[PDB]
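Notes to accompany the following structure.
Ideal geometry is used to build each Cβ from the backbone, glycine not excepted, and the neighbour counts take in all protein chains shown. Taken together, the values in this text are just the output of simple stated rules run on the coordinates, not laboratory data.
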Amino acid sequence: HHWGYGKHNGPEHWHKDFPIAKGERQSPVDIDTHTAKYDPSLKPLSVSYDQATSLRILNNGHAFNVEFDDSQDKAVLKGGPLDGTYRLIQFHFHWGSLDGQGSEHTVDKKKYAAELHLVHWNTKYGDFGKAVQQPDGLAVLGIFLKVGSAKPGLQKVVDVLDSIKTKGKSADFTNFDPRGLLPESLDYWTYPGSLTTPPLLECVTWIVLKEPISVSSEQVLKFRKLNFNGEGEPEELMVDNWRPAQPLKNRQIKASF
Ligand SMILES: Nc1cc(Cl)c(S(N)(=O)=O)cc1S(N)(=O)=O
Ligand SMILES: [Zn+2]
């Protein structure tokens, strides 16, 4: 009875195996644009993905991860609310069964069709495993996806999904440039949170971009063709793999604009 997004193993059940699910800094959260405060102390956000080197893509049973070689100082996120440098390790998405839902963070309660998460770990902790055990171990750059014009830079990801339809399947995925998934503006909201999937560790500094990227209906439809189940098992379409907004509690969301 592994965790998932179904009625019997979904978000409302996670607290049993992962008590921190009801913690003080859980993610995602609803971003109230009028309550968020502009913070002039925020330094410019720096996204340096020029030397990013992807290794492959994997269907982990709940979504898919595009993994990067993080053994060297490449693909770094810094500046903004961050102290030091965070290295890119992987990115994945959360999406819905319908265009009207799919994102984890919401803006004034608005749900986007999907949400992209570029995960980075604080280099002062040596690696990802040690980083997640620290309050400032990770920095996740979140980007909303809305349905409209196609996103050319996402097509290579979309076309490879056919080869990893079921849980456990992976495929070589090199030379993918994550810069093609970024919107024009780097304006963002930031707050201290957690992983949105079990183990739900509260080790994340969230940086959510205000500007969404547009992807075509055809592109997101292919995301929905993936399977939660493994090869040869009853088909369970991989959709609605998003956790709903959690209590903000004692936290303030800061705006870079
Ligand atoms: N490993 C991992 C790390 C982070 Cl930080 C996040 S998220 N959703 O908090 O960005 C999700 C995952 S997972 N289990 O989906 O691969
Ligand atoms: Zn995520």
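Within this structure, residue 157 fails the test of being within 14 Å of ligand 1 (Cβ to nearest atom) and under 17 Å from the mean Cα position of the chain (by Cα).
Restricting segment 63-74 to residues that are of a type outside the set (D, E, K, R) and in contact with a strand residue (DSSP E or B) (Cβ under 7 Å, 6 or more places away or on another chain) leaves a set whose member that is farthest from residue 170 (Cα to Cα) is 68. Would you call residue 139 within 14 Å of ligand 1 (Cβ to nearest atom) and either closer than 28 Å to residue 235 by Cα or of a type outside the set (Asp, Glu) (or both)? Considered against the rule, which asks whether it is within 14 Å of ligand 1 (Cβ to nearest atom) and either closer than 28 Å to residue 235 by Cα or of a type outside the set (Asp, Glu) (or both), residue 139 comes out as yes.
The residue list 55, 77, 118 contains one member that is within 27 Å of residue 175 (Cα to Cα), among the hydrophobic types (A, V, I, L, M, F, W, C), crowded, with 18+ Cβ neighbours inside 10 Å and out of contact with any helix residue (DSSP H, G or I) (no Cβ under 9 Å at 6 or more places or on another chain), which is 77. Looking only at residues of segment 91-115 that are of a type outside the set (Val, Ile, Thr) and surrounded by fewer than 19 Cβ atoms within 10 Å (Cβ to Cβ), we find that the one that is nearest to the chain's Cα centre (by Cα) is 101. Scanning segment 236-255 for residues that are among the charged types (D, E, K, R), within 14 Å of ligand 1 (Cβ to nearest atom) and buried (at least 18 other Cβ atoms within 10 Å of the Cβ) turns up at least one hit.
Residue-by-condition table, conditions (1) surrounded by fewer than 22 Cβ atoms within 10 Å (Cβ to Cβ); (2) without any contact (Cβ under 8 Å) to a residue 40 or more places away in the chain; (3) within 16 Å of ligand 2 (Cβ to nearest atom); (4) of a type outside the set (A, V, I, L, M):
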residue	(1), (2), (3), (4)
148	yes, no, no, yes
173	yes, no, no, yes
195	yes, no, yes, no
202	yes, no, yes, yes
207	no, no, yes, no
216	yes, no, no, yes
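Return a yes/no flag: does segment 76-91 have any residue that is closer than 30 Å to residue 233 by Cα and touching a residue at least 40 places away in the same chain (Cβ under 8 Å). Yes: segment 76-91 contains one or more residues that are closer than 30 Å to residue 233 by Cα and touching a residue at least 40 places away in the same chain (Cβ under 8 Å). Highlighted here are the strands (runs of 3 or more DSSP E) found entirely within segment 181-249 that include at least 3 residues which are not small (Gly, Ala, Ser): 188-193, 204-209. Taken over segment 121-136, residues that are crowded, with 23+ Cβ neighbours inside 10 Å and not in a strand (DSSP E or B) amount to 1. With respect to (1) under 23 Å from residue 53 (Cβ atoms); (2) within 16 Å of ligand 1 (Cβ to nearest atom); (3) of a type in the set (S, T, N, Q), the lone exception for residue 163 is condition (2). When each of 109, 130 is tested for being farther than 23 Å from residue 41 by Cα, of a type in the set (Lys, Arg) and in contact with a strand residue (DSSP E or B) (Cβ under 7 Å, 6 or more places away or on another chain), the lone residue that passes is 109. Would you confirm, using the coordinates I've provided, whether residue 52 is under 16 Å from the mean Cα position of the chain (by Cα) and among the hydrophobic types (A, V, I, L, M, F, W, C)? The answer is no for residue 52. Scanning segment 113-123 for residues that are away from ligand 1 (no atom under 15 Å from the Cβ) and under 18 Å from residue 149 (Cβ atoms) turns up just one, 113.
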